[PDB]
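Structure, as structure tokens:
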There are 2 protein chains.
Amino acid sequence: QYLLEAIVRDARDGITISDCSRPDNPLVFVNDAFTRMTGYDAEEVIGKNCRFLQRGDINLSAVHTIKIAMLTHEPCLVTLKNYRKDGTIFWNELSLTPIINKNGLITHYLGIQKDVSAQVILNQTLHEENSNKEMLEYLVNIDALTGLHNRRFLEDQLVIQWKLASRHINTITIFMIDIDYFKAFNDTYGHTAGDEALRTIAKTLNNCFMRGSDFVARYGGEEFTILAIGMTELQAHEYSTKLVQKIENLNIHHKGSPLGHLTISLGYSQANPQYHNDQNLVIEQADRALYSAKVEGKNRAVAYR
Amino acid sequence: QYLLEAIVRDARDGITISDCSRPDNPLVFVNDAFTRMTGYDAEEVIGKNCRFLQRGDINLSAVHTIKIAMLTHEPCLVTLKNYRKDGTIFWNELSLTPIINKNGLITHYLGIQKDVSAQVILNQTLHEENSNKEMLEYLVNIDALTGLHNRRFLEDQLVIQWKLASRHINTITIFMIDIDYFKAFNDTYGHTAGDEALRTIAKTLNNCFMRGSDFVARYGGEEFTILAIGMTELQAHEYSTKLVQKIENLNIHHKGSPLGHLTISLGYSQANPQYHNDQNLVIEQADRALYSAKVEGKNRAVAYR
Ligand SMILES: Cc1cc2nc3c(=O)[nH]c(=O)nc-3n(C[C@H](O)[C@H](O)[C@H](O)COP(=O)(O)O)c2cc1C
Ligand SMILES: Cc1cc2nc3c(=O)[nH]c(=O)nc-3n(C[C@H](O)[C@H](O)[C@H](O)COP(=O)(O)O)c2cc1C
Ligand SMILES: [Mg+2]
Ligand SMILES: [Mg+2]
């Protein structure tokens with residue numbers, strides 16, 4: 001079905017195509033959903049870089065992840081605060097993906113914009129009290145404190161995405177994240193401040209993913225977990241290293257930590273689900289790597305190898 | 001770009017293809033986003049009708065709109081309450097669209113599932129008090145009482161979709177909806193009950209659209225407006241008639257109304273934006289048709305002809 005391309009083109013998420021042969025990656029195609037979501041007609045944006053949606057309040061770390069990914073010819077999934085032409089604000093989960101036809105590497109770039117404004121505002125109001133049956137059905141797979149997905153969402157997605165990865169021969173990578181000296185932060189600074197530090201770390205981790213299937217969840221009271229698909233070994237090592245550095249650059253003053261700032265120990269394990277098809281083995285390996293990452297660096301990512 | 005089909009296939013909204021040559025319209029294709037959103041692997045659903053997501057609490061009017069649209073070989077946009085395989089609940093805005101290749105009418109059907117759970121729960125909590133800067137930025141284009149889009153969203157979309165319709169030679173149809181004897185409902189029953197009747201009518205109108213670009217907005221205190229694209233004259237007459245009948249079937253007891261139940265006067269006007277390119281003319285024509293619909297039937301849809 002070739003018309004399927006044209007019918008999916010008329011979607012509710014923005015679809016943009018940008019030429020990579022030309023400098024600054026100008027937008028070469030814009031669907032109807034993009035103009036409806038942003039207010040910018042196609043005649044106004046064709047041949048221009050899509051940074052007009054950004055303003056001075058944009059997350060510098062997310063835009064930097066976009067730039068690095070495009071220079072390294074790698075996909076990325078970021079959540080951005082974009083402004084429409086009228087001046088209104090909408091939260092955009094942008095997925096960038098290269099286009100490679102017969103080794104024609106990165107001929108163009110695919111940008112899928114999804115209006116996630118309601119999700120951001122609702123999840124932010126979840127840590128406050130703010131009863132409703134439909135709200136409780138939503139909170140089943142959402143942690144109230146951080147607003148991220150819960151351990152149930154991780155384990156269910158682990159089964160689903162394992163079957164999907166074994167079909168397309170894609171890798172499955174699980175990152176076990178633990179806060180260092182968290183009991184010292186709760187005893188000295190306070191338990192409420194530890195919850196505020198949990199939110200700040202959660203908000204920092206829940207961005208700058210590599211692909212749309214990837215996500216972060218809160219596994220324990222101080223533990224987080226990230227699931228990623230289709231990453232090589234080098235990309236997994238860089239992604240895990242940069243995550244530990246991002247929490248370090250937050251520089252939340254921790255008196256109990258010998259480093260002076262709260263850090264993150266990361267232990268990740270990558271596996272090919274098509275070979276062994278053994279679930280929960282990756283989590284066990286990632287938890288053993290997290291244990292090794294505690295004493296090895298206490299502010300580092302250790303791969304179970 | 002032919003790989004663009006495969007890259008868009010890996011989206012965050014579910015993509016399903018169903019064969020129409022076979023009875024009950026069995027699902028013939030399922031993307032990764034569908035299994036992640038619903039928990040149903042492809043091996044479990046291929047060759048089956050997608051009604052397994054529905055349960056006894058599903059909106060009967062929305063499922064009936066799906067059935068009628070598929071039998072009439074027409075697209076539809078409905079919001080449904082679907083259940084995942086694990087038992088959790090997610091709100092699904094499903095867009096169905098036929099596939100016609102070289103007059104190969106309705107060879108298959110395209111089903112795009114979009115998780116709009118957060119949007120439903122947030123907009124429902126908007127009529128309650130429930131401050132936040134980001135929430136106020138969202139409430140710019142949202143009416144607090146009904147939860148629908150506001151008059152600003154309608155007028156801006158009217159400019160955007162007018163340019164889009166003139167590009168693809170698509171029709172633009174505007175429906176002017178007004179509540180009959182609304183002051184009699186507020187005086188006798190009460191102003192609060194009139195607001196509850198506004199929500200019930202708004203919740204009924206904000207569903208069972210024909211295409212993903214269509215929407216409903218609250219134009220005035222008792223006035224609603226619907227924008228639709230690509231509808232013929234017969235489809236616009238049936239859609240406007242069925243909307244007046246849906247509010248009538250709600251049967252909210254109105255003592256001041258001679259019919260015994262509150263009704264809806266509808267005055268719609270369809271135009272081809274490529275010809276005249278005169279905005280606000282359709283709204284003026286639709287408002288004159290609404291005035292004629294008041295005295296002509298008081299519970300009918302009148303087309304400005
Ligand atoms: C196809 C494509 C679509 C894009 N769409 C958006 C967008 O919708 N919102 C946004 O904030 N950035 C978007 N960008 C990213 C910006 O255009 C820009 O490349 C990014 O901000 C990095 O550039 P800069 O660091 O020089 O500002 C898109 C990029 C590409 C390639
Ligand atoms: C391609 C396609 C995808 C569908 N996906 C869903 C869905 O995700 N959720 C849902 O409630 N109904 C979905 N449906 C509609 C149901 O499969 C079914 O056709 C509809 O409920 C009407 O059938 P019924 O009245 O006999 O139950 C889909 C239909 C088609 C053709
Ligand atoms: Mg710890
Ligand atoms: Mg009236």
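Please note that chains go A, B, ... in the order of the structure tokens, that every chain numbers its residues from 1, and that ligands are numbered from 1 in the order shown.
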Problem - Nearby residues (only C-alpha atoms) at most 12 Å from residue 152 in chain B, same-chain spacing under 3 positions excluded, as a ChimeraX atom specification - result: /A:86,88 /B:139-143,148-149,155-159,217-220,225
With N, CA and C atoms kept, could you save the residues just selected as a PDB file, in the first residue's frame?
```
ATOM      1  N   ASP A  86       1.298  32.379  17.251  1.00  0.00           N
ATOM      2  CA  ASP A  86       0.472  33.324  17.994  1.00  0.00           C
ATOM      3  C   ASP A  86       1.084  33.711  19.334  1.00  0.00           C
ATOM      4  N   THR A  88       1.338  31.349  21.979  1.00  0.00           N
ATOM      5  CA  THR A  88       0.988  30.348  22.974  1.00  0.00           C
ATOM      6  C   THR A  88       2.105  29.313  23.099  1.00  0.00           C
TER       7      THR A  88
ATOM      8  N   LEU B 139      -4.450  26.774  29.506  1.00  0.00           N
ATOM      9  CA  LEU B 139      -5.809  27.300  29.559  1.00  0.00           C
ATOM     10  C   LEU B 139      -6.033  28.479  28.622  1.00  0.00           C
ATOM     11  N   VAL B 140      -5.004  28.931  27.902  1.00  0.00           N
ATOM     12  CA  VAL B 140      -5.179  30.034  26.962  1.00  0.00           C
ATOM     13  C   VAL B 140      -6.141  29.639  25.849  1.00  0.00           C
ATOM     14  N   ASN B 141      -6.001  28.420  25.328  1.00  0.00           N
ATOM     15  CA  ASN B 141      -6.817  27.943  24.218  1.00  0.00           C
ATOM     16  C   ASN B 141      -7.874  26.935  24.656  1.00  0.00           C
ATOM     17  N   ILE B 142      -8.176  26.867  25.951  1.00  0.00           N
ATOM     18  CA  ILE B 142      -9.127  25.899  26.484  1.00  0.00           C
ATOM     19  C   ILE B 142     -10.155  26.635  27.330  1.00  0.00           C
ATOM     20  N   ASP B 143     -11.434  26.369  27.072  1.00  0.00           N
ATOM     21  CA  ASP B 143     -12.500  26.882  27.919  1.00  0.00           C
ATOM     22  C   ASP B 143     -12.568  26.063  29.201  1.00  0.00           C
ATOM     23  N   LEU B 148     -13.546  22.208  26.265  1.00  0.00           N
ATOM     24  CA  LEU B 148     -13.288  22.226  24.836  1.00  0.00           C
ATOM     25  C   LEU B 148     -12.316  23.350  24.487  1.00  0.00           C
ATOM     26  N   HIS B 149     -12.000  23.458  23.201  1.00  0.00           N
ATOM     27  CA  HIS B 149     -11.214  24.579  22.718  1.00  0.00           C
ATOM     28  C   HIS B 149     -12.038  25.861  22.789  1.00  0.00           C
ATOM     29  N   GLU B 155     -10.704  30.531  15.708  1.00  0.00           N
ATOM     30  CA  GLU B 155     -10.361  31.567  14.739  1.00  0.00           C
ATOM     31  C   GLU B 155      -8.966  31.354  14.165  1.00  0.00           C
ATOM     32  N   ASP B 156      -8.018  30.922  14.998  1.00  0.00           N
ATOM     33  CA  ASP B 156      -6.674  30.650  14.499  1.00  0.00           C
ATOM     34  C   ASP B 156      -6.675  29.443  13.569  1.00  0.00           C
ATOM     35  N   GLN B 157      -7.334  28.356  13.980  1.00  0.00           N
ATOM     36  CA  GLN B 157      -7.458  27.198  13.102  1.00  0.00           C
ATOM     37  C   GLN B 157      -8.214  27.545  11.828  1.00  0.00           C
ATOM     38  N   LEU B 158      -9.168  28.476  11.907  1.00  0.00           N
ATOM     39  CA  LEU B 158      -9.898  28.878  10.710  1.00  0.00           C
ATOM     40  C   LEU B 158      -8.963  29.493   9.676  1.00  0.00           C
ATOM     41  N   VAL B 159      -7.967  30.257  10.127  1.00  0.00           N
ATOM     42  CA  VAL B 159      -6.992  30.826   9.201  1.00  0.00           C
ATOM     43  C   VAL B 159      -6.052  29.741   8.689  1.00  0.00           C
ATOM     44  N   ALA B 217     -15.521  23.700  19.339  1.00  0.00           N
ATOM     45  CA  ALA B 217     -15.098  24.737  20.265  1.00  0.00           C
ATOM     46  C   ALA B 217     -16.324  25.444  20.823  1.00  0.00           C
ATOM     47  N   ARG B 218     -16.135  26.099  21.965  1.00  0.00           N
ATOM     48  CA  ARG B 218     -17.192  26.880  22.601  1.00  0.00           C
ATOM     49  C   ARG B 218     -17.061  28.329  22.145  1.00  0.00           C
ATOM     50  N   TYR B 219     -17.979  28.766  21.281  1.00  0.00           N
ATOM     51  CA  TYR B 219     -17.911  30.122  20.748  1.00  0.00           C
ATOM     52  C   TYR B 219     -18.457  31.142  21.740  1.00  0.00           C
ATOM     53  N   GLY B 220     -19.596  30.847  22.361  1.00  0.00           N
ATOM     54  CA  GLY B 220     -20.176  31.739  23.345  1.00  0.00           C
ATOM     55  C   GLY B 220     -20.593  31.019  24.610  1.00  0.00           C
ATOM     56  N   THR B 225     -19.203  25.790  18.134  1.00  0.00           N
ATOM     57  CA  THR B 225     -18.829  25.835  16.728  1.00  0.00           C
ATOM     58  C   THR B 225     -17.975  24.623  16.391  1.00  0.00           C
TER      59      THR B 225
END
```
Select the residues contacting ligand 1 at a distance of at most 9 Å, based on only C-alpha atoms and all ligand atoms, then format the selection as an mmCIF file with N, CA and C atoms, in the first residue's frame.
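Written output follows (out-v1.cif):
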```cif
data_model
loop_
_atom_site.group_PDB
_atom_site.id
_atom_site.type_symbol
_atom_site.label_atom_id
_atom_site.label_comp_id
_atom_site.auth_asym_id
_atom_site.auth_seq_id
_atom_site.Cartn_x
_atom_site.Cartn_y
_atom_site.Cartn_z
ATOM 1 N N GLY A 14 2.857 16.290 14.308
ATOM 2 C CA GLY A 14 3.559 16.974 13.237
ATOM 3 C C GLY A 14 4.598 16.077 12.588
ATOM 4 N N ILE A 15 4.683 16.160 11.264
ATOM 5 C CA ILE A 15 5.651 15.400 10.481
ATOM 6 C C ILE A 15 6.453 16.385 9.645
ATOM 7 N N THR A 16 7.765 16.415 9.865
ATOM 8 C CA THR A 16 8.656 17.312 9.147
ATOM 9 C C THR A 16 9.818 16.527 8.558
ATOM 10 N N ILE A 17 10.271 16.970 7.387
ATOM 11 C CA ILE A 17 11.437 16.413 6.715
ATOM 12 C C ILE A 17 12.411 17.552 6.455
ATOM 13 N N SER A 18 13.673 17.347 6.821
ATOM 14 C CA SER A 18 14.709 18.358 6.671
ATOM 15 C C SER A 18 15.853 17.804 5.836
ATOM 16 N N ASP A 19 16.348 18.620 4.908
ATOM 17 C CA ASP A 19 17.450 18.214 4.047
ATOM 18 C C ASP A 19 18.772 18.367 4.788
ATOM 19 N N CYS A 20 19.575 17.304 4.792
ATOM 20 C CA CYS A 20 20.868 17.338 5.462
ATOM 21 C C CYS A 20 22.011 17.719 4.531
ATOM 22 N N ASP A 24 22.618 23.959 7.965
ATOM 23 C CA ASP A 24 21.645 24.295 9.002
ATOM 24 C C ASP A 24 20.414 23.396 8.973
ATOM 25 N N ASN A 25 20.396 22.377 8.109
ATOM 26 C CA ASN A 25 19.310 21.409 8.002
ATOM 27 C C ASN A 25 17.968 22.103 7.789
ATOM 28 N N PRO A 26 17.725 22.677 6.612
ATOM 29 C CA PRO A 26 16.458 23.380 6.386
ATOM 30 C C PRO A 26 15.297 22.411 6.241
ATOM 31 N N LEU A 27 14.128 22.854 6.698
ATOM 32 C CA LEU A 27 12.914 22.054 6.577
ATOM 33 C C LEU A 27 12.474 21.998 5.118
ATOM 34 N N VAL A 28 12.373 20.785 4.573
ATOM 35 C CA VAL A 28 11.983 20.591 3.180
ATOM 36 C C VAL A 28 10.552 20.096 3.029
ATOM 37 N N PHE A 29 9.920 19.618 4.100
ATOM 38 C CA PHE A 29 8.541 19.155 4.028
ATOM 39 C C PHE A 29 7.847 19.414 5.356
ATOM 40 N N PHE A 34 1.538 19.715 11.468
ATOM 41 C CA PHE A 34 2.538 20.656 11.966
ATOM 42 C C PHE A 34 1.999 22.081 11.962
ATOM 43 N N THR A 38 1.499 24.294 15.320
ATOM 44 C CA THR A 38 2.394 25.420 15.540
ATOM 45 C C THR A 38 1.882 26.741 14.985
ATOM 46 N N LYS A 48 13.861 26.674 6.090
ATOM 47 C CA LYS A 48 14.339 27.291 7.316
ATOM 48 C C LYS A 48 14.528 26.230 8.392
ATOM 49 N N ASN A 49 15.400 26.533 9.350
ATOM 50 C CA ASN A 49 15.615 25.645 10.482
ATOM 51 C C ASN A 49 14.466 25.781 11.472
ATOM 52 N N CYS A 50 14.056 24.655 12.048
ATOM 53 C CA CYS A 50 12.888 24.625 12.929
ATOM 54 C C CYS A 50 13.147 25.250 14.308
ATOM 55 N N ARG A 51 14.245 25.977 14.529
ATOM 56 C CA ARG A 51 14.501 26.577 15.834
ATOM 57 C C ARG A 51 13.613 27.780 16.124
ATOM 58 N N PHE A 52 12.791 28.222 15.168
ATOM 59 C CA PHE A 52 11.881 29.333 15.427
ATOM 60 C C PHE A 52 10.851 28.996 16.495
ATOM 61 N N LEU A 53 10.615 27.710 16.759
ATOM 62 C CA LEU A 53 9.697 27.330 17.824
ATOM 63 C C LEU A 53 10.303 27.534 19.204
ATOM 64 N N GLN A 54 11.623 27.644 19.295
ATOM 65 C CA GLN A 54 12.308 27.786 20.569
ATOM 66 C C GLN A 54 12.452 29.255 20.948
ATOM 67 N N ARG A 55 12.599 29.493 22.249
ATOM 68 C CA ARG A 55 12.844 30.828 22.777
ATOM 69 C C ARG A 55 13.920 30.719 23.852
ATOM 70 N N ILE A 58 14.122 27.731 26.571
ATOM 71 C CA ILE A 58 14.233 26.340 26.154
ATOM 72 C C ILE A 58 15.308 25.636 26.977
ATOM 73 N N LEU A 60 18.442 24.034 27.626
ATOM 74 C CA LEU A 60 19.707 24.036 26.900
ATOM 75 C C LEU A 60 20.269 22.630 26.743
ATOM 76 N N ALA A 62 18.541 19.861 26.327
ATOM 77 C CA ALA A 62 17.805 19.144 25.291
ATOM 78 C C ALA A 62 18.222 19.598 23.898
ATOM 79 N N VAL A 63 18.407 20.907 23.708
ATOM 80 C CA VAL A 63 18.851 21.412 22.412
ATOM 81 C C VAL A 63 20.271 20.946 22.116
ATOM 82 N N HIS A 64 21.111 20.852 23.149
ATOM 83 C CA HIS A 64 22.466 20.349 22.950
ATOM 84 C C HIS A 64 22.449 18.877 22.560
ATOM 85 N N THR A 65 21.515 18.106 23.123
ATOM 86 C CA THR A 65 21.370 16.709 22.730
ATOM 87 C C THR A 65 20.935 16.592 21.275
ATOM 88 N N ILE A 66 20.050 17.487 20.829
ATOM 89 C CA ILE A 66 19.643 17.505 19.426
ATOM 90 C C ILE A 66 20.848 17.757 18.530
ATOM 91 N N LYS A 67 21.650 18.768 18.873
ATOM 92 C CA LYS A 67 22.788 19.134 18.035
ATOM 93 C C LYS A 67 23.814 18.010 17.969
ATOM 94 N N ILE A 68 24.125 17.395 19.113
ATOM 95 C CA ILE A 68 25.107 16.313 19.130
ATOM 96 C C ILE A 68 24.603 15.122 18.328
ATOM 97 N N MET A 70 22.478 15.054 15.804
ATOM 98 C CA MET A 70 22.494 15.321 14.370
ATOM 99 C C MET A 70 23.912 15.299 13.815
ATOM 100 N N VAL A 78 13.532 14.055 22.564
ATOM 101 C CA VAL A 78 13.626 15.128 23.543
ATOM 102 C C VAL A 78 12.259 15.772 23.722
ATOM 103 N N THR A 79 12.044 16.338 24.907
ATOM 104 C CA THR A 79 10.836 17.088 25.227
ATOM 105 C C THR A 79 11.209 18.561 25.324
ATOM 106 N N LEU A 80 10.563 19.392 24.510
ATOM 107 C CA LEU A 80 10.933 20.791 24.374
ATOM 108 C C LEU A 80 9.732 21.684 24.647
ATOM 109 N N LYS A 81 10.018 22.911 25.075
ATOM 110 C CA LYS A 81 9.002 23.937 25.298
ATOM 111 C C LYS A 81 9.011 24.859 24.084
ATOM 112 N N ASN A 82 8.055 24.659 23.184
ATOM 113 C CA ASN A 82 7.982 25.417 21.946
ATOM 114 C C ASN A 82 6.855 26.440 22.003
ATOM 115 N N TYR A 83 7.001 27.485 21.194
ATOM 116 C CA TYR A 83 6.040 28.576 21.114
ATOM 117 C C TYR A 83 5.407 28.594 19.731
ATOM 118 N N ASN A 92 6.431 19.914 23.402
ATOM 119 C CA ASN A 92 6.661 19.105 22.212
ATOM 120 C C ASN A 92 7.656 17.999 22.530
ATOM 121 N N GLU A 93 7.216 16.750 22.387
ATOM 122 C CA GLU A 93 8.108 15.594 22.438
ATOM 123 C C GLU A 93 8.565 15.321 21.011
ATOM 124 N N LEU A 94 9.762 15.789 20.672
ATOM 125 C CA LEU A 94 10.276 15.709 19.311
ATOM 126 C C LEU A 94 11.145 14.470 19.147
ATOM 127 N N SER A 95 10.836 13.667 18.134
ATOM 128 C CA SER A 95 11.622 12.491 17.784
ATOM 129 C C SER A 95 12.330 12.751 16.462
ATOM 130 N N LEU A 96 13.658 12.776 16.500
ATOM 131 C CA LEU A 96 14.473 12.913 15.303
ATOM 132 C C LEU A 96 15.053 11.558 14.926
ATOM 133 N N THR A 97 15.050 11.258 13.625
ATOM 134 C CA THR A 97 15.532 9.974 13.147
ATOM 135 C C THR A 97 16.149 10.165 11.767
ATOM 136 N N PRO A 98 17.352 9.649 11.530
ATOM 137 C CA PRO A 98 17.956 9.768 10.200
ATOM 138 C C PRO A 98 17.237 8.899 9.178
ATOM 139 N N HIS A 108 18.235 12.751 4.740
ATOM 140 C CA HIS A 108 17.322 13.696 5.366
ATOM 141 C C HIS A 108 17.140 13.311 6.830
ATOM 142 N N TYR A 109 16.342 14.104 7.543
ATOM 143 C CA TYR A 109 16.021 13.855 8.942
ATOM 144 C C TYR A 109 14.514 13.930 9.131
ATOM 145 N N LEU A 110 13.979 13.036 9.959
ATOM 146 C CA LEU A 110 12.547 12.960 10.228
ATOM 147 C C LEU A 110 12.259 13.543 11.605
ATOM 148 N N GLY A 111 11.398 14.556 11.650
ATOM 149 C CA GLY A 111 11.011 15.163 12.908
ATOM 150 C C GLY A 111 9.535 15.007 13.205
ATOM 151 N N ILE A 112 9.211 14.232 14.236
ATOM 152 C CA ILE A 112 7.832 13.965 14.627
ATOM 153 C C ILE A 112 7.552 14.748 15.902
ATOM 154 N N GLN A 113 6.651 15.723 15.812
ATOM 155 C CA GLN A 113 6.270 16.553 16.946
ATOM 156 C C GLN A 113 4.949 16.059 17.521
ATOM 157 N N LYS A 114 4.935 15.794 18.825
ATOM 158 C CA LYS A 114 3.750 15.307 19.523
ATOM 159 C C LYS A 114 3.425 16.260 20.663
#
```
Problem - Proximal residues of chain A relative to chain B (only C-alpha atoms; 9 Å) as a PyMOL selection string - result: chain A and resi 1-5+7-8+10-13+15+32-33+35-36+39-41+86+88-90+95+97-101+110+112+114+116-123+130+132+134-135+137-138+140-141+156-157+160-161+163-164+212-213
With 7 Å as the cut-off and only C-alpha atoms and all ligand atoms counted, what is the closest atom pair between each nearby residue of chain B and ligand 4? Distances in Å to one decimal, ordered by chain and number, as a tab-separated table.
```
residue	atom	partner	partner_atom_place_in_ligand_line	distance
B:178	CA	ligand 4	1 (Mg)	5.0
B:179	CA	ligand 4	1 (Mg)	4.4
B:180	CA	ligand 4	1 (Mg)	4.7
B:181	CA	ligand 4	1 (Mg)	5.8
B:182	CA	ligand 4	1 (Mg)	5.4
B:222	CA	ligand 4	1 (Mg)	5.9
```
Contacts of range 296-304 of chain A at 7 Å (only C-alpha atoms; same-chain gap of 6+ positions) as a compact mmCIF listing (two decimals) with N, CA, C and O atoms, in the first residue's frame:
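Written file, part_22.txt:
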```txt
# COMPACT_ATOMS: atom_id res chain seq x y z
N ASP A 180 23.38 8.09 45.18
CA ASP A 180 24.46 7.83 46.11
C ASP A 180 24.29 8.66 47.38
O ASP A 180 24.00 9.86 47.32
N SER A 240 25.06 6.29 29.08
CA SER A 240 25.12 6.08 30.52
C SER A 240 26.11 7.02 31.18
O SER A 240 25.88 7.49 32.30
N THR A 241 27.23 7.31 30.51
CA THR A 241 28.21 8.24 31.06
C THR A 241 27.64 9.66 31.13
O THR A 241 27.78 10.34 32.14
N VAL A 244 25.16 10.16 34.07
CA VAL A 244 25.82 10.37 35.35
C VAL A 244 26.41 11.78 35.41
O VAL A 244 26.43 12.42 36.47
N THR A 263 25.35 12.33 43.56
CA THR A 263 25.74 11.71 42.30
C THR A 263 24.80 10.55 41.98
O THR A 263 23.81 10.31 42.68
N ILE A 264 25.12 9.84 40.91
CA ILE A 264 24.33 8.71 40.45
C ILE A 264 25.27 7.56 40.11
O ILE A 264 26.22 7.74 39.33
N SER A 265 25.03 6.40 40.70
CA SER A 265 25.69 5.17 40.30
C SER A 265 24.83 4.46 39.27
O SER A 265 23.62 4.29 39.48
N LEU A 266 25.44 4.08 38.15
CA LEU A 266 24.71 3.47 37.04
C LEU A 266 25.34 2.14 36.70
O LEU A 266 26.56 2.04 36.52
N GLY A 267 24.51 1.10 36.60
CA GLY A 267 24.95 -0.20 36.15
C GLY A 267 24.03 -0.73 35.07
O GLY A 267 22.89 -1.10 35.35
N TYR A 268 24.51 -0.76 33.83
CA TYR A 268 23.67 -1.12 32.69
C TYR A 268 24.17 -2.42 32.06
O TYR A 268 25.34 -2.79 32.18
N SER A 269 23.25 -3.11 31.39
CA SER A 269 23.54 -4.36 30.71
C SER A 269 22.77 -4.39 29.40
O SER A 269 21.56 -4.15 29.38
N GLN A 285 21.70 -8.69 35.73
CA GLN A 285 23.04 -8.26 35.34
C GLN A 285 23.23 -6.76 35.56
O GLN A 285 24.31 -6.32 35.98
N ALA A 286 22.19 -5.97 35.30
CA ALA A 286 22.29 -4.53 35.51
C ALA A 286 22.36 -4.18 36.99
O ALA A 286 23.01 -3.20 37.37
N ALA A 289 25.88 -4.88 38.04
CA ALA A 289 26.74 -3.80 37.57
C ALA A 289 26.54 -2.53 38.39
O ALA A 289 27.49 -1.76 38.57
N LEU A 290 25.33 -2.30 38.89
CA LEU A 290 25.10 -1.17 39.78
C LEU A 290 25.85 -1.36 41.09
O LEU A 290 26.41 -0.40 41.64
```
Completion exercise
Of B:84, B:177, B:260, B:44, the one sitting nearest ligand 2 when using only C-alpha atoms and all ligand atoms is B:84
Practice task
Based on DSSP run over this structure's backbone, return all residues of range 64-227 of chain A in strand (DSSP E or B), as a ChimeraX atom specification.
Solution key: /A:76-83,89-101,104-115,142,149,172-179,209,215-218,223-227
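CA of residue 270 in chain A lies 25.7 Å from CA of residue 106 in chain A.
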Exercise for the section: For CA of residue 239 in chain A and CA of residue 208 in chain A, determine how far apart the two atoms are, in Å to one decimal place. Expected result: 9.4 Å
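CA of residue 61 in chain B is found 24.7 Å from CA of residue 150 in chain B.
Restricting the calculation to only C-alpha atoms and all ligand atoms, the smallest distance between ligand 3 and any of A:175, A:209, A:224, A:189 is found for A:224.
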